[PDB]
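What follows is a set of notes on a single structure, which appears directly below.
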Amino acid sequence: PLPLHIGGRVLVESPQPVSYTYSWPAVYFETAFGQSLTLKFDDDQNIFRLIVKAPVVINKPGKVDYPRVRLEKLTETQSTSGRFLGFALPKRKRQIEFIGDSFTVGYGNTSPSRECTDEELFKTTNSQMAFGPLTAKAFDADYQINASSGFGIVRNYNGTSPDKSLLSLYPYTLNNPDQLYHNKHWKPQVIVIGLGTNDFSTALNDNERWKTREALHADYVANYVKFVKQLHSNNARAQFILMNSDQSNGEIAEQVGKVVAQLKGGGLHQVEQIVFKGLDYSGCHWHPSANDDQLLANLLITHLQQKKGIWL
Amino acid sequence: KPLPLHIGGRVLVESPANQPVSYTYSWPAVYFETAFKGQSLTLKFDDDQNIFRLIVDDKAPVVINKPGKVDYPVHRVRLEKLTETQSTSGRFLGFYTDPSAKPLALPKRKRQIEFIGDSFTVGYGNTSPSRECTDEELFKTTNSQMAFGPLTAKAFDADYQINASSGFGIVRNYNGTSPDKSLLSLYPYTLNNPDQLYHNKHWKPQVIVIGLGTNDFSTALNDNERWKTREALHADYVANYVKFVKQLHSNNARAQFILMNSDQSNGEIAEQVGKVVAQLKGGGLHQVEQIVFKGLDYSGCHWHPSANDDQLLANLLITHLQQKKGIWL
């Protein structure tokens, strides 16, 4: 079993081969060295891409021996997990984290149709073609993509999972509250957060806890401000980009404007807003296409390239 | 013999027959520069409204206090207006020498920065040791060249314009005063009057710093004001601020904007500016950011930023601008 470098949140267990368990999107594993290799899998949940040359697809291998190398998770798993059991490594000083919802995940980004069954949706979701991994790869930065489709700051798509939010999900290694994530070597100089579409895309239902739109605004702003504050207090070198669409009549963007003002008013000044525009939304269910993802990546790339000493 | 000169700030240049070229000004922090080989210099003034400082080479500044209509007897030479004139103007009539002197290269500054604002941007009472100031003490202690704007420009060797006037807001001025006016309505003009629109094809600042909103929001609405609810004031402030920045951008495509405000008035000011930045970006004008400043002592006249506060705000701006690759294009 070769020494490994890991990107993304994984639970490491050492009973037998060391096992790596992951459920957040866009996880990867890299190795370096001979003239043979075998990847050991226990994953009937994900589609993967192996990069030795052009990428090769590995679809739901299950528990099998598969005979520089980069394995990248492509698909989204909100309710299940997958296991990888193993094979001079990359020493990337730059680190960037993307936090978000469907957009950040790459939900349906490679679908040529906006009409997708559940199966089509799973298969055409490619997190590695989403803006986050593209942006990271432009700077040769290690990346974590901590995102989950449908989730908001305080409110989720159409008031679904009212007991949850991206923020309640965020502290955990997997899609369950069994293990909290800590890695003292994970200290991204840049954090890009894209949340609010799900909080505001739909009207409040009568059985939700916000009884007026203003109450929702107030709760969203308060919690987003607190969130960036905790991230900062644990990582003094982080600089924040709060990224949102120009949709929902500007409601999302305005609440984020308030978040940014309030954070700066409180003394946390290393925070900026990006409002993105002009997407075709031609992926599944009117989500960003692969084209849209490249566009968004180009936006972030140009933005970060103008910031002196952003990585130091 | 008048020397070739360089002008900073908005100036009405007139060339009346059989008289010196006349430079008329009213906006704060105006300056005139010249350079020559020789040993004599006279400044011709027609200004009993301003205090100036004169900077000869590497020497300390010398104060010139309301010189009036006089010839002032005194290389690189920089003359700076210090004081604010809201209801009057002053004239400078040039740098005069002996005909044997050689004109030298004037400053060719590629960098240009503009500060738009209110009393904070002017430097209202900034050098006063006391927060109690009569009108005369307020006038004397106001030094625009020590406010954060000129200090920021000098760290980058940029030319600057300080288009600020005390008490004014985006839509609403201090305690609803001058309800027929705002900073925005004064802004188009070369001087303190509607008589001439300012146009300067060579003035295209890469950076524009706007600090406005303290006067819109620092006080409660009176009964006789046109906004009947606080929400009305917010809405009108946001729309006009957005409108203003768009207009500035439409005439100067290169300009990058910094909207700068205090953490005071319970955060009301910062919040409205957050909405402005968001609405600008949402409309496709992305080259805009917010700065919220904190931790001033406000020891100048009537609880305004001190000269110390001014240096602190300058350092804030300098550091911000230093981190921006290619901001000077």
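In the structure tokens, the first chain shown is A, the next is B, and so on; residue numbers restart at 1 for each chain, and ligands run from 1 in the order shown.
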Q | DSSP-assigned helix (DSSP H, G or I) members of segment 73-299 of chain A, reported as a VMD selection string | A | chain A and resid 102 to 105 118 to 124 127 to 129 131 to 139 157 to 159 166 to 169 197 to 200 213 to 234 248 to 265 284 to 286 290 to 299
Q. What lies within 12 Å of residue 203 of chain B using only C-alpha atoms, ignoring chain neighbours under 5 positions off, as a list in words?
A. residues 7, 8, 9, 10, 109, 110, 111, 112, 113, 114, 158, 159, 160, 161, 198, 208, 251, 252, 254 and 255 of chain B
Write a file of the selected residues as a PDB file, in the first residue's frame, keeping N, CA and C atoms.
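After the write, out03.pdb holds the following:
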ATOM      1  N   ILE B   7      -1.948  71.535 -11.965  1.00  0.00           N
ATOM      2  CA  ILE B   7      -3.087  71.761 -11.067  1.00  0.00           C
ATOM      3  C   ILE B   7      -3.668  70.453 -10.548  1.00  0.00           C
ATOM      4  N   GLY B   8      -3.840  70.389  -9.231  1.00  0.00           N
ATOM      5  CA  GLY B   8      -4.645  69.353  -8.615  1.00  0.00           C
ATOM      6  C   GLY B   8      -5.982  69.894  -8.144  1.00  0.00           C
ATOM      7  N   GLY B   9      -7.045  69.141  -8.412  1.00  0.00           N
ATOM      8  CA  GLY B   9      -8.365  69.535  -7.962  1.00  0.00           C
ATOM      9  C   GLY B   9      -9.088  70.363  -9.001  1.00  0.00           C
ATOM     10  N   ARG B  10     -10.386  70.547  -8.759  1.00  0.00           N
ATOM     11  CA  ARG B  10     -11.275  71.246  -9.671  1.00  0.00           C
ATOM     12  C   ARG B  10     -10.994  72.735  -9.628  1.00  0.00           C
ATOM     13  N   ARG B 109       2.104  62.389 -13.098  1.00  0.00           N
ATOM     14  CA  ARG B 109       1.536  61.298 -12.299  1.00  0.00           C
ATOM     15  C   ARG B 109       0.512  60.500 -13.109  1.00  0.00           C
ATOM     16  N   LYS B 110       0.759  59.199 -13.260  1.00  0.00           N
ATOM     17  CA  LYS B 110      -0.148  58.324 -14.000  1.00  0.00           C
ATOM     18  C   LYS B 110      -1.322  57.950 -13.109  1.00  0.00           C
ATOM     19  N   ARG B 111      -1.039  57.797 -11.823  1.00  0.00           N
ATOM     20  CA  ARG B 111      -2.053  57.436 -10.845  1.00  0.00           C
ATOM     21  C   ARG B 111      -2.935  58.627 -10.519  1.00  0.00           C
ATOM     22  N   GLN B 112      -4.236  58.359 -10.461  1.00  0.00           N
ATOM     23  CA  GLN B 112      -5.242  59.358 -10.130  1.00  0.00           C
ATOM     24  C   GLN B 112      -6.288  58.737  -9.208  1.00  0.00           C
ATOM     25  N   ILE B 113      -6.620  59.464  -8.140  1.00  0.00           N
ATOM     26  CA  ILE B 113      -7.587  59.019  -7.141  1.00  0.00           C
ATOM     27  C   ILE B 113      -8.516  60.178  -6.758  1.00  0.00           C
ATOM     28  N   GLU B 114      -9.804  59.873  -6.622  1.00  0.00           N
ATOM     29  CA  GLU B 114     -10.791  60.875  -6.259  1.00  0.00           C
ATOM     30  C   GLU B 114     -11.495  60.499  -4.973  1.00  0.00           C
ATOM     31  N   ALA B 158      -0.091  59.837  -6.422  1.00  0.00           N
ATOM     32  CA  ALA B 158      -1.197  60.053  -7.356  1.00  0.00           C
ATOM     33  C   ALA B 158      -1.709  61.468  -7.250  1.00  0.00           C
ATOM     34  N   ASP B 159      -2.192  62.000  -8.364  1.00  0.00           N
ATOM     35  CA  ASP B 159      -2.929  63.247  -8.300  1.00  0.00           C
ATOM     36  C   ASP B 159      -4.287  62.997  -7.660  1.00  0.00           C
ATOM     37  N   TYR B 160      -4.858  64.015  -7.024  1.00  0.00           N
ATOM     38  CA  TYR B 160      -6.119  63.801  -6.321  1.00  0.00           C
ATOM     39  C   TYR B 160      -7.071  64.954  -6.440  1.00  0.00           C
ATOM     40  N   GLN B 161      -8.357  64.612  -6.397  1.00  0.00           N
ATOM     41  CA  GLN B 161      -9.444  65.566  -6.239  1.00  0.00           C
ATOM     42  C   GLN B 161     -10.226  65.169  -4.991  1.00  0.00           C
ATOM     43  N   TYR B 198     -18.355  70.750 -14.484  1.00  0.00           N
ATOM     44  CA  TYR B 198     -16.963  70.348 -14.528  1.00  0.00           C
ATOM     45  C   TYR B 198     -16.739  69.283 -15.596  1.00  0.00           C
ATOM     46  N   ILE B 208     -12.039  55.618  -7.048  1.00  0.00           N
ATOM     47  CA  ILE B 208     -12.974  56.599  -6.499  1.00  0.00           C
ATOM     48  C   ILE B 208     -13.495  56.139  -5.127  1.00  0.00           C
ATOM     49  N   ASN B 251     -19.162  57.337 -17.365  1.00  0.00           N
ATOM     50  CA  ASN B 251     -18.222  58.345 -17.903  1.00  0.00           C
ATOM     51  C   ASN B 251     -16.744  57.984 -17.717  1.00  0.00           C
ATOM     52  N   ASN B 252     -16.491  56.975 -16.889  1.00  0.00           N
ATOM     53  CA  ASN B 252     -15.147  56.547 -16.573  1.00  0.00           C
ATOM     54  C   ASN B 252     -15.169  55.037 -16.343  1.00  0.00           C
ATOM     55  N   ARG B 254     -12.950  52.738 -16.434  1.00  0.00           N
ATOM     56  CA  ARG B 254     -11.823  52.187 -15.662  1.00  0.00           C
ATOM     57  C   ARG B 254     -11.941  52.273 -14.117  1.00  0.00           C
ATOM     58  N   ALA B 255     -12.709  53.247 -13.625  1.00  0.00           N
ATOM     59  CA  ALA B 255     -12.822  53.535 -12.191  1.00  0.00           C
ATOM     60  C   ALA B 255     -13.278  52.340 -11.367  1.00  0.00           C
TER      61      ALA B 255
END
Q) Near chain A, which residues of chain B fall within 8 Å when you count only C-alpha atoms, and what do they look like as a ChimeraX atom specification? A) /B:262-263,267,270-279,281-284,286,289-294,322-326
Q) Taking only C-alpha atoms into account, which of A:189, A:36, A:75, A:289 comes nearest residue 103 of chain A? A)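 Using only C-alpha atoms, the shortest distance to residue 103 of chain A belongs to A:289.
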Q.
Applying 10 Å and only C-alpha atoms, which residues near residue 298 of chain A remain after dropping the ones on its own chain fewer than 5 positions away? List them as an MDAnalysis selection string.
A. chainID A and resid 131 134:135 138 292:293 303:304
Go ahead and save the residues from that selection, with N, CA and C atoms, as a PDB file, in the first residue's frame.
ATOM      1  N   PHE A 131     -17.419  24.755 -10.490  1.00  0.00           N
ATOM      2  CA  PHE A 131     -16.473  25.873 -10.394  1.00  0.00           C
ATOM      3  C   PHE A 131     -15.374  25.734  -9.324  1.00  0.00           C
ATOM      4  N   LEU A 134     -12.365  23.510 -10.352  1.00  0.00           N
ATOM      5  CA  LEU A 134     -11.725  24.204 -11.483  1.00  0.00           C
ATOM      6  C   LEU A 134     -10.867  25.378 -11.027  1.00  0.00           C
ATOM      7  N   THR A 135     -11.451  26.196 -10.147  1.00  0.00           N
ATOM      8  CA  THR A 135     -10.770  27.301  -9.484  1.00  0.00           C
ATOM      9  C   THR A 135      -9.520  26.812  -8.733  1.00  0.00           C
ATOM     10  N   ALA A 138      -6.624  25.771 -10.952  1.00  0.00           N
ATOM     11  CA  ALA A 138      -5.964  26.900 -11.615  1.00  0.00           C
ATOM     12  C   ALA A 138      -4.779  27.433 -10.805  1.00  0.00           C
ATOM     13  N   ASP A 292     -21.514  27.103 -17.662  1.00  0.00           N
ATOM     14  CA  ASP A 292     -21.760  27.996 -16.511  1.00  0.00           C
ATOM     15  C   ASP A 292     -20.683  27.824 -15.432  1.00  0.00           C
ATOM     16  N   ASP A 293     -20.329  26.573 -15.127  1.00  0.00           N
ATOM     17  CA  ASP A 293     -19.264  26.283 -14.151  1.00  0.00           C
ATOM     18  C   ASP A 293     -17.912  26.842 -14.572  1.00  0.00           C
ATOM     19  N   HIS A 303     -10.608  37.132 -10.131  1.00  0.00           N
ATOM     20  CA  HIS A 303     -10.770  37.848  -8.874  1.00  0.00           C
ATOM     21  C   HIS A 303      -9.587  37.581  -7.936  1.00  0.00           C
ATOM     22  N   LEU A 304      -9.263  36.304  -7.742  1.00  0.00           N
ATOM     23  CA  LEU A 304      -8.158  35.907  -6.853  1.00  0.00           C
ATOM     24  C   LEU A 304      -6.778  36.257  -7.401  1.00  0.00           C
TER      25      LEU A 304
END
(Q) Need the shell around residue 108 of chain A: protein/DNA/RNA residues with any atom at most 6 Å away, counting only C-alpha atoms. Skip same-chain ones fewer than 3 positions apart. Format as a PyMOL selection string? (A) chain A and resi 111+121+124-125+283-284
(Q) For residue 95 of chain B, find every residue with an atom within 8 Å (counting only C-alpha atoms), except residues of its own chain fewer than 2 positions away, and show them as a list in words. (A) residues 2, 3, 5, 34, 41, 42, 43, 44, 93 and 97 of chain B
Save the residues we just selected, N, CA and C atoms, as a PDB file, in the first residue's frame?
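Final output, saved to part23.pdb:
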ATOM      1  N   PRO B   2       5.141  84.342 -15.939  1.00  0.00           N
ATOM      2  CA  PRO B   2       4.564  83.174 -15.261  1.00  0.00           C
ATOM      3  C   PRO B   2       5.207  81.856 -15.712  1.00  0.00           C
ATOM      4  N   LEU B   3       5.386  80.929 -14.774  1.00  0.00           N
ATOM      5  CA  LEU B   3       5.943  79.600 -15.054  1.00  0.00           C
ATOM      6  C   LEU B   3       4.856  78.594 -15.461  1.00  0.00           C
ATOM      7  N   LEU B   5       2.740  75.395 -14.882  1.00  0.00           N
ATOM      8  CA  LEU B   5       2.282  74.840 -13.625  1.00  0.00           C
ATOM      9  C   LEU B   5       1.394  73.619 -13.852  1.00  0.00           C
ATOM     10  N   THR B  34       4.896  73.750  -9.341  1.00  0.00           N
ATOM     11  CA  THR B  34       5.842  74.212 -10.362  1.00  0.00           C
ATOM     12  C   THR B  34       7.288  73.791 -10.060  1.00  0.00           C
ATOM     13  N   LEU B  41      11.027  83.666  -6.718  1.00  0.00           N
ATOM     14  CA  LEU B  41       9.657  83.238  -6.996  1.00  0.00           C
ATOM     15  C   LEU B  41       8.633  84.151  -6.315  1.00  0.00           C
ATOM     16  N   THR B  42       7.583  84.494  -7.051  1.00  0.00           N
ATOM     17  CA  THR B  42       6.454  85.223  -6.492  1.00  0.00           C
ATOM     18  C   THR B  42       5.170  84.458  -6.794  1.00  0.00           C
ATOM     19  N   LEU B  43       4.311  84.382  -5.787  1.00  0.00           N
ATOM     20  CA  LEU B  43       2.978  83.846  -5.945  1.00  0.00           C
ATOM     21  C   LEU B  43       2.007  85.018  -5.975  1.00  0.00           C
ATOM     22  N   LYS B  44       1.210  85.104  -7.039  1.00  0.00           N
ATOM     23  CA  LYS B  44       0.165  86.111  -7.133  1.00  0.00           C
ATOM     24  C   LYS B  44      -1.140  85.515  -6.642  1.00  0.00           C
ATOM     25  N   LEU B  93      -3.324  83.389  -9.033  1.00  0.00           N
ATOM     26  CA  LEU B  93      -2.924  84.031 -10.283  1.00  0.00           C
ATOM     27  C   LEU B  93      -1.551  83.596 -10.822  1.00  0.00           C
ATOM     28  N   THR B  97       8.408  84.728 -11.997  1.00  0.00           N
ATOM     29  CA  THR B  97       9.865  84.674 -11.836  1.00  0.00           C
ATOM     30  C   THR B  97      10.588  85.769 -12.629  1.00  0.00           C
TER      31      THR B  97
END
Q. Segment 179-194 of chain B: which residues within 8 Å, counting only C-alpha atoms, same-chain residues fewer than 5 positions away excluded, as a list in words?
A.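 These residues fall inside the cut-off: residues 10, 11, 12, 25, 26, 27, 86, 87, 88, 89, 117, 118, 163, 164, 165, 168, 169, 170, 171, 172, 173, 225 and 244 of chain B.
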Could you take the residues named above and write them with N, CA, C and O atoms, as a compact mmCIF listing (two decimals), in the first residue's frame?
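selection-v7.txt written:
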# COMPACT_ATOMS: atom_id res chain seq x y z
N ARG B 10 -10.39 70.55 -8.76
CA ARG B 10 -11.27 71.25 -9.67
C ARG B 10 -10.99 72.74 -9.63
O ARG B 10 -11.07 73.36 -8.58
N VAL B 11 -10.67 73.29 -10.79
CA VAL B 11 -10.28 74.68 -10.92
C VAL B 11 -10.91 75.23 -12.19
O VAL B 11 -10.85 74.59 -13.25
N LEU B 12 -11.53 76.40 -12.08
CA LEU B 12 -12.01 77.15 -13.22
C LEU B 12 -10.83 77.98 -13.74
O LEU B 12 -10.39 78.92 -13.07
N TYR B 25 -11.19 78.44 -7.58
CA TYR B 25 -11.49 77.14 -6.94
C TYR B 25 -12.39 77.29 -5.71
O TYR B 25 -12.47 78.36 -5.12
N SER B 26 -13.08 76.21 -5.32
CA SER B 26 -13.88 76.20 -4.08
C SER B 26 -13.94 74.85 -3.37
O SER B 26 -14.10 74.79 -2.14
N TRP B 27 -13.81 73.76 -4.13
CA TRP B 27 -13.76 72.42 -3.55
C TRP B 27 -12.48 72.30 -2.68
O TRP B 27 -11.50 73.01 -2.93
N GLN B 86 -17.53 76.74 1.61
CA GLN B 86 -18.81 76.21 1.08
C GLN B 86 -19.65 77.24 0.34
O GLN B 86 -20.49 76.89 -0.50
N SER B 87 -19.42 78.51 0.63
CA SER B 87 -20.26 79.57 0.08
C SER B 87 -19.46 80.65 -0.64
O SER B 87 -20.03 81.67 -1.03
N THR B 88 -18.16 80.42 -0.83
CA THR B 88 -17.30 81.38 -1.55
C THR B 88 -16.25 80.68 -2.42
O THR B 88 -16.11 79.45 -2.39
N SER B 89 -15.48 81.47 -3.17
CA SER B 89 -14.36 80.93 -3.93
C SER B 89 -13.11 81.78 -3.73
O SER B 89 -13.16 82.85 -3.14
N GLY B 117 -17.20 63.02 -0.75
CA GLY B 117 -17.71 62.87 0.61
C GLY B 117 -18.22 64.11 1.31
O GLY B 117 -18.63 65.07 0.68
N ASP B 118 -18.19 64.03 2.64
CA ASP B 118 -18.79 64.99 3.54
C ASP B 118 -17.71 65.57 4.45
O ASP B 118 -16.56 65.61 4.05
N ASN B 163 -13.62 66.03 -3.69
CA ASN B 163 -14.91 66.64 -3.92
C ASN B 163 -15.85 66.30 -2.77
O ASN B 163 -16.67 65.38 -2.85
N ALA B 164 -15.68 67.04 -1.69
CA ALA B 164 -16.43 66.83 -0.46
C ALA B 164 -16.92 68.17 0.05
O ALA B 164 -16.31 69.20 -0.19
N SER B 165 -18.02 68.15 0.81
CA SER B 165 -18.57 69.36 1.39
C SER B 165 -19.24 68.95 2.68
O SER B 165 -19.96 67.95 2.69
N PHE B 168 -23.20 67.22 4.09
CA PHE B 168 -24.01 66.73 2.95
C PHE B 168 -24.09 65.20 2.90
O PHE B 168 -23.19 64.49 3.35
N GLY B 169 -25.20 64.70 2.34
CA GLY B 169 -25.43 63.26 2.21
C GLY B 169 -25.75 62.86 0.77
O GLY B 169 -25.71 63.69 -0.13
N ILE B 170 -26.05 61.58 0.57
CA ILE B 170 -26.60 61.08 -0.72
C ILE B 170 -27.92 61.75 -1.12
O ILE B 170 -28.06 62.23 -2.26
N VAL B 171 -28.89 61.76 -0.21
CA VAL B 171 -30.19 62.40 -0.46
C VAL B 171 -30.57 63.36 0.66
O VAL B 171 -31.31 64.32 0.44
N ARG B 172 -30.06 63.06 1.86
CA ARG B 172 -30.46 63.80 3.07
C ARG B 172 -29.21 64.36 3.74
O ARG B 172 -28.24 63.65 3.93
N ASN B 173 -29.23 65.64 4.10
CA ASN B 173 -28.06 66.27 4.72
C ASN B 173 -28.22 66.34 6.24
O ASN B 173 -29.28 65.98 6.75
N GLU B 225 -39.88 66.98 6.67
CA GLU B 225 -39.01 66.38 5.66
C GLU B 225 -39.80 65.50 4.68
O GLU B 225 -40.88 65.02 5.02
N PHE B 244 -25.89 57.09 -8.75
CA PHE B 244 -24.67 57.92 -8.79
C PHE B 244 -23.43 57.16 -9.27
O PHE B 244 -22.71 57.62 -10.16
(Q) Please determine, counting only C-alpha atoms, which residue among B:149, B:94, B:67, B:4 has the shortest atom-to-atom distance to residue 211 of chain B. (A) B:149
Q) If you run DSSP on the backbone, which residues of segment 40-186 of chain A are strand (DSSP E), as number ranges by chain? A) A: 40-43, 47-51, 56-59, 62-66, 69-73, 82-84, 95-100, 142-147, 172-174, 176-180
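Atom to atom, atom CA of residue 213 of chain A and atom CA of residue 169 of chain A stand 24.1 Å apart.
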Q.
Would you pick out the contacts of residue 140 of chain A at 8 Å or less, using only C-alpha atoms, so that residues sharing its chain but fewer than 3 positions from it are not included, and give the list as a ChimeraX atom specification?
A. /A:92,94,136-137
Q) For residue 309 of chain B, which of B:245, B:162, B:147, B:259 is the closest residue, counting only C-alpha atoms? A)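 Between B:245, B:162, B:147, B:259, the residue approaching residue 309 of chain B most closely is B:147.
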